[PDB]
Amino acid sequence: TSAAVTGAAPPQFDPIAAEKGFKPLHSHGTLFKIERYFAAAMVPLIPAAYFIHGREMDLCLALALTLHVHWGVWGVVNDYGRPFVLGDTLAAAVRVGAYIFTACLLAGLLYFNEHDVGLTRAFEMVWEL
Amino acid sequence: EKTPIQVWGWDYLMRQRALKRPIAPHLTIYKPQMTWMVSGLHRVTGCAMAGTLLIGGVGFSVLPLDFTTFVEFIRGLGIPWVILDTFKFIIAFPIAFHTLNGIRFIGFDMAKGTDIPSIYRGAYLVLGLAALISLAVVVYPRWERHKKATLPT
Amino acid sequence: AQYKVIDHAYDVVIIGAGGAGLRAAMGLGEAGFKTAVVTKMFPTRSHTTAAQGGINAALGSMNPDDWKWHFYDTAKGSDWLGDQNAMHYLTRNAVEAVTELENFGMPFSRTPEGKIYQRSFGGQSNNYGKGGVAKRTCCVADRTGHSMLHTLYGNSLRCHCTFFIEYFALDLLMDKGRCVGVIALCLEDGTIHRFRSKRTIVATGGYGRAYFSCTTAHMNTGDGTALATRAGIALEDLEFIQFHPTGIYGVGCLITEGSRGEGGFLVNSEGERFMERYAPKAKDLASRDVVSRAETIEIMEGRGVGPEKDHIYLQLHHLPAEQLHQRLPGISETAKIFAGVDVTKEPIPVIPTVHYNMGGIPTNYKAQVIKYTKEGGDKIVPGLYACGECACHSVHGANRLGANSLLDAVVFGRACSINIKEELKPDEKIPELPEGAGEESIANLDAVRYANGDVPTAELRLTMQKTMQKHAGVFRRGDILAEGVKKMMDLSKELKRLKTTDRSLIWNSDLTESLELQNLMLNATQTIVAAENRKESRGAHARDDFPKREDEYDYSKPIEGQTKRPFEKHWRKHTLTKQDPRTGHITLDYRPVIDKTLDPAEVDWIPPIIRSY
Amino acid sequence: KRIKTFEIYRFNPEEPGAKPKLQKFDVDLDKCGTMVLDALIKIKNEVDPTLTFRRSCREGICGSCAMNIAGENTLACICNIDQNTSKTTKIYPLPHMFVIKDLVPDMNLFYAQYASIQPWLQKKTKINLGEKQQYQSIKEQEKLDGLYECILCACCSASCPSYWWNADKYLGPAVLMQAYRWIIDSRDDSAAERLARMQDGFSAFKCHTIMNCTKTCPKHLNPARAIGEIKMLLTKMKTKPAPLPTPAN
Ligand SMILES: *Cc1cc2c(cc1C)nc1c(=O)[nH]c(=O)nc-1n2C[C@H](O)[C@H](O)[C@H](O)COP(=O)(O)OP(=O)(O)OC[C@H]1O[C@@H](n2cnc3c(N)ncnc32)[C@H](O)[C@@H]1O
Ligand code: HEM
Ligand SMILES: CC(C)Oc1cccc(NC(=O)c2ccccc2C(F)(F)F)c1
Ligand SMILES: O=C(O)/C=C/C(=O)O
Ligand code: SF4
Ligand code: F3S
Ligand code: FES
């Protein structure tokens, strides 16, 4: 029979009716600009360490190496750890564990170049065995 | 906060899961390629090193078993020289590759050399290049550790 | 079994989103109507996107030109079977139509000066038939139809018209001569829909798939013309099936006329430009109905080429790789892919293929669908419009001029808009569905779904397509057609021995196979009989046994003092087939060609002449 | 006589407790066209009419017949069947699309995303519609090469793990390809506010330069190049303006 319902217009995106209340110009461009400069300038660094060891090395390697890794893993987390699969409340928790990872790292690295051999040296020793 | 489209995207996935529709096969079926495998390995190396430096600083602090002692509760275990010398290579290769391949990925991030042939040379130029630096870092000291296992006069 | 049915209420509904479909869609959206666009694939997939050569318009970005000379050629190429008013309409509107698309942001190729680029095409000529070859086609190098269609789709979002995509139009909603809406099937979830609408546009492209070989889509089954037939509308000029000269030998992919337009020519086994014989003036750039025969002869007479002596070569290697890569990017590719041929080194294997249908659904210059009797002329069926290929304004008559179709889809689409924004009473409201209405369309579906026949949906389709090719070919003899119409009428009878397999509602492809057959029987059968009944030789149409073009006079000899032949003795008339779908039985009226302009004061009509190229 | 065999993904959505699977088909390469699509069409006609996929052009240009064949995303209608019959070719729908039936993916989210980038010309100085052309020189339209050609097949997008993982928040290469298309057109004025709409973290910055996009485009197009150019505009380097419409135009 043609005794049936009156339905609606199938889900569609209207890009102009959406442009109403929504502009927030909040640009991650500039941050992205710098995290790329960072690694860029951090290039001459990494070979310098093969050449020059010592105790100021250990510590700024660590410094830089933390920043890169922080940023980096933040990026890793927003990839693999996401709401559709995890559900929202747990996806926040991983976004936090990101910063826990920076701290666990830097504090752990700090420790190393104080009360152990250092990084530059930890390598030196492994090469002579 | 999400652009209006991202919002639409969300509801879409809600809708689509609401109909218990399947996801088309992906990593299981996609073809091994130099584009994605390099990129993959780049994370891996990326995270390998960070994972190292975690169980590093953290291990050795939360533990009463410092580095020096570890370094030789391995030296004192009759380990043949080659086996040790690829363990070094292994450690050197991450750092080698992630760095070179790293610079590459900046070009791409600036639309430099982003076309199949120039893409493919890089990927080889750098996969081989690292494998090289890596190897000379391992084997050359090992050379001077024999060049002095017999000084002429 | 049982089915879900859904009701929609829209001002206007458009069946199909081709070029014509979108150009309408956006006209109405723009003036604020509650449109609905129903189509059975994402709009960018319509056959319009394969269009290659260009779109005709006198901007003269190359050399001064007048829209009048373009009108000339249109009427000429039409072999005086077109309506001269429509052709008038088309041709003054063409400069706007195009530029509108450059303003909408189409990346037309460009002249050094900075204006639109233009190329020469088949059939066209300056100064009312006495200049050089006109450069009147505007083009995005070789991708013209594609580029345009995205542009229209791009702009179709800027004006809020609700797209019902992957929907199959089943039939029109008929209220004794009044069109109220459409019935449709929703592939994605099996639900039937009804569309109350004030107005209804059918814009569904040709029926090129009736043949074995064609340059057309798999989707081009002319289900528009099926809807008019099952709504009891008369169809017209179904014997005018254009064959495109340079189909690609193996598959049926088109190689744009634009390649001849740019220089490259035809060659036979002898290694000779045989167009110098058949068209001493235009050469390889005559009208397509001519050129297609020239090839069909050459072959028949053993000057054909290959290991089968049964196609001919299109040659372009004598041209600069520069001009080739730049003015003809796409064909260079398809050459390489299907033929395995490099246009810089070799020629391409080509062979006339069924291309366009100048036939379709009868309309005026106002693009409104019309019935017709001798008794009281032509009564407009209100609520209903048509444009593009499924249309027959007859801007083409017996032979379509090349690159005038994207034109006539832009222009009469755009006319669909302007001419409803002109006569819609913002007072009275949306038509009602009669009780138990639509129920017969669905009934077909049902039995076609569970059809326990014994000949499969696919084997049938094939046989008919073979039999169409053999009979409604380039050259048609009398006893062939009559033997054709014979077989064919057995086939429009085989439809009750029909075998189907997929019983499912959702994305049932075997079933849109079957509906799309049903809808091509009604096409092919009417196509073939109309062909048979015509005893003349004009445009796309050629007879072995009636080589002459029958007009009122005999315009070979000066007119002075000849006797006008009676309306029934000559053949300058539109063929109008009816078929009852239950029986499948065709009976044929004949409408008079419209010979008058729209503004006698602005432009003077063109009296029939001898067709020389 | 030489027989090719094909492995094809299958899902019957209407059937109760439904599961996807691979089905196997033998095909007579002697009685068949040179292209993969050809082979598909054979077995709907001659073995199995339930087998369902999308097709229109057959000339490689509609974009409908997009899928994954022997591991790569490409167009069935322009995919040469692997002659060697010792090896079995395997056909799957565009990866990580939600499937409707058999080889038929839900294309809607993709489409929307296309829409959201506003794929039409827009001008600050509003213009008389039917009147004279807008100036654009030949150097400036060549800039649009490799851009206007996208047939919206979605091959590239379905080949980008980023896009698999975050289809929802990340636009994807097909769409940014086109975004750029509009921002760099010398007749567009919205160039500044077009970039505005994707400045966030996930819209365009979630490209990790994997490069899969370019390697895969059946149309020999270059999405990454585009994306690269976008990231730049999103930061440092700038859009050019028009040269002025010359006098006597
Ligand atoms: C085949 C061809 C035609 C062609 C050409 C090259 C080729 C290969 N090149 C041309 C050129 O260079 N210049 C020119 O002027 N014309 C050229 N042509 C002819 C012209 O392109 C076509 O005739 C043109 O497409 C006309 O447009 P139209 O809108 O009428 O045709 P379409 O876009 O193919 O229409 C299809 C739309 O209708 C919908 N449809 C069809 N059936 C249904 C059903 N059953 N239900 C719902 N919708 C339906 C289609 O789905 C689509 O939206
Ligand atoms: C100057 C040397 C280095 C350069 C030039 C470099 C380059 C890069 C770049 C460009 C990325 C971004 C990935 C993307 O989003 O496409 C990245 C990511 C990352 N980097 Fe580095 N890197 C360097 C050194 C290191 C080192 C030594 C480590 C480990 C200790 C490291 C750890 C990581 C991690 C964990 C990521 C995660 C993001 C991903 O893999 O996609 N980086 N690196
Ligand atoms: C099998 C191939 C095609 O794909 C595999 C699948 C699983 C994850 C990945 N690789 C990533 O996922 C990856 C790698 C580097 C940077 C960013 C990503 C990201 F963002 F997550 F997409 C690769
Ligand atoms: O020659 C062509 O491209 C076809 C043109 C047309 O169909 O008008
Ligand atoms: S860039 Fe290529 S792969 Fe991507 S949608 Fe366009 S045609 Fe398809
Ligand atoms: S694969 Fe994705 S990562 Fe960017 S380079 Fe292509 S869009
Ligand atoms: S069906 Fe047109 S792209 Fe293959």
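Here the Cβ is made from the backbone with ideal geometry for all residues, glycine too, and neighbour counts use every protein chain on show. Only the coordinates and a few stated rules stand behind these numbers; no lab work does.
Computed quantities for the displayed model
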read-out: Sequence-separation-based contact order of chain C, relative, with Cα cut under 8 Å and 6+ spacing, percent; value: 20 percent
read-out: Antiparallel content of DSSP bridges confined to the stretch D:1-139, in %, to 5; value: 85 percent
read-out: Degrees separating the helix B:34-62 axis from the principal Cα axis of chain B, which is the longest one; value: 60 degrees
read-out: Principal-axis tilt of helix C:67-77 within chain C, Cα atoms, nearest 10 degrees; value: 80 degrees
read-out: Eligible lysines near residue C:470 by straight Cα distance, threshold 19 Å, same-chain separation 8 or greater; value: C:309, C:486, C:487, C:535
read-out: C-alpha center-to-center spacing [the stretch D:183-249, the stretch C:587-612] in angstrom; value: 52 Å
read-out: Peptide B:36-48 - average C-beta neighbours from other chains (10 Å radius); value: 3
read-out: Rule-of-thumb Rg ratio for the stretch C:432-548 [Cα; 2.2 N^0.38 Å; N residues]; value: 1.31
read-out: Two-site label geometry, residue C:487 and residue B:103: point separation in nm, points 7 Å out along Cα→Cβ; value: 7.2 nm
read-out: Segment residue C:604-residue C:569, extension gain: residue separation times 0.36 nm, minus the distance between their alpha carbons; value: 9.9 nm
read-out: Cα-projected label distance for residue B:89 with residue A:34, points at 7 Å along beta-carbon direction, nm; value: 4.2 nm
read-out: 15 Å Cα-Cα reach of residue C:569 towards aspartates and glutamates, excluding residues that sit fewer than 8 places from it in its own chain; value: C:536, C:550, C:551, C:552, C:554, C:589
read-out: Vicinal HN-Hα couplings computed from phi for the stretch C:2-14 (Karplus, 6.51 cos²θ - 1.76 cosθ + 1.60; Hz; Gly/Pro x); value: 10, 8, 8, 10, 10, 10, 10, 9, 10, 4, 10, 10, 10
read-out: Near-label residues of the stretch D:1-38 by backbone N, under 16 Å of a point 7 Å along Cα→Cβ of residue D:48; value: D:4-15, D:19-28, D:37-38
read-out: Per residue, the convex hull volume that the Cα atoms of chain D enclose (Å³); value: 169 Å³
read-out: Degrees separating the helix D:223-233 axis from the principal Cα axis of chain D, which is the longest one; value: 30 degrees
read-out: Debye equation applied to the C-alpha atoms of the stretch C:136-272, log10 I(q)/I(0) at 0.09, 0.11, 0.15 Å⁻¹; value: -0.44, -0.63, -1.03
read-out: Antiparallel DSSP beta bridges within chain C, as percent of all bridges there, nearest 5; value: 65 percent
read-out: Helical contribution to [θ] at 222 nm, DSSP H n ≥ 4, -39,500 (n - 2.57), averaged over chain C, rounded to 500; value: -9000 deg cm²/dmol
read-out: Per-residue [θ]222 nm for chain A (sum of -39500 (n - 2.57) over DSSP H runs n ≥ 4, rounded to 500); value: -22000 deg cm²/dmol
read-out: Selected from D:185, D:102, D:26 as most flexible by GNM, with chain D as the system and alpha-carbon contacts under 10 Å; value: D:26
read-out: Sequence-distant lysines (8 or more away, or on other chains) whose Cα lies within less than 23 Å of residue D:215; value: B:31, B:112, C:336, D:90, D:143, D:206, D:231
read-out: 10 Å binning of all Cα-Cα separations within the stretch C:1-85, expressed as whole percents from 0 upward; value: 13, 25, 30, 22, 6, 3, 1
read-out: Sequence-separation-based contact order of chain D, relative, with Cα cut under 8 Å and 6+ spacing, percent; value: 17 percent
read-out: Farthest positive-ward along chain A dipole, Cα basis, beta-carbon charges - from A:78, A:127, A:3; value: A:3
read-out: Shielding by partners - mean other protein chain Cβ count within 10 Å, residues of D:45-54; value: 6
read-out: Relative contact order %, the stretch C:549-613, counting alpha carbon pairs below 8 Å whose residues are six or more apart; value: 26 percent
read-out: Cα-based shape type of the stretch B:47-114, given that a ≥ b ≥ c are square roots of the gyration tensor eigenvalues and the cut on a/c is 1.5; value: oblate
read-out: Separation in nanometres of the label points that stand 7 Å from Cα toward Cβ, at residue B:82 and residue B:129; value: 3.0 nm
read-out: Spherically averaged projected area of the stretch D:107-249 from its Cα convex hull (nm²); value: 9.4 nm²
read-out: Estimated translational D of the protein assembly as shown in µm²/s (Stokes, Kirkwood radius over Cα pairs; 4 °C; 1.567 mPa s); value: 40 µm²/s
read-out: For chain C, with +1 on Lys and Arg beta carbons and -1 on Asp and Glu, the positive-most of C:450, C:613, C:172 along the dipole; value: C:613
read-out: For chain B, average projected area of the Cα convex hull in nm²; value: 17.6 nm²
read-out: Estimated FRET transfer efficiency when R0 is 41 angstrom, pair residue C:475-residue C:430 (beta carbons, to 0.05); value: 0.20
read-out: Debye log10 I(q)/I(0) for chain A, one point scatterer per Cα, at q = 0.10, 0.12 Å⁻¹; value: -0.57, -0.72
read-out: For the stretch C:322-331, 3J(HN,Hα) per residue [Karplus equation, 6.51 cos²θ - 1.76 cosθ + 1.60, θ = phi - 60°, Hz, x = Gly/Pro]; value: 4, 3, 5, 4, 7, 8, 9, x, x, 5
read-out: Test item: Cα-centred dipole of the stretch C:432-548, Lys/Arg +1 and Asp/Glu -1 on Cβ, debye; value: 800 debye
read-out: Sites residue C:578 and residue D:14 - FRET efficiency at Förster radius 51 Å, r taken between beta-carbons, to 0.05; value: 0.80
read-out: Within the protein assembly as shown, percent of DSSP bridges classed antiparallel, to nearest 5; value: 70 percent
read-out: Helical mean residue ellipticity (222 nm; -39500 (n - 2.57) per DSSP H run of 4+; nearest 500) of chain D; value: -6500 deg cm²/dmol
read-out: Fewest-first ranking of A:53, B:98, using other Cβ atoms within 10 Å as the exposure measure; value: A:53, B:98
read-out: Distance from the stretch C:76-149 to the stretch C:288-366 (C-alpha centre basis), Å; value: 21 Å
read-out: When the stretch C:39-132 is reduced to its Cα atoms, the Kirkwood hydrodynamic radius in Å; value: 15.0 Å
read-out: Those trypsin sites (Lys or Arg not before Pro) in the stretch D:92-124 that DSSP places in a loop and that have at most 12 other beta carbons within 10 Å; value: D:124
read-out: Alpha-carbon centroid distance for the pair the stretch B:1-49 / the stretch C:171-189, whole angstrom; value: 41 Å
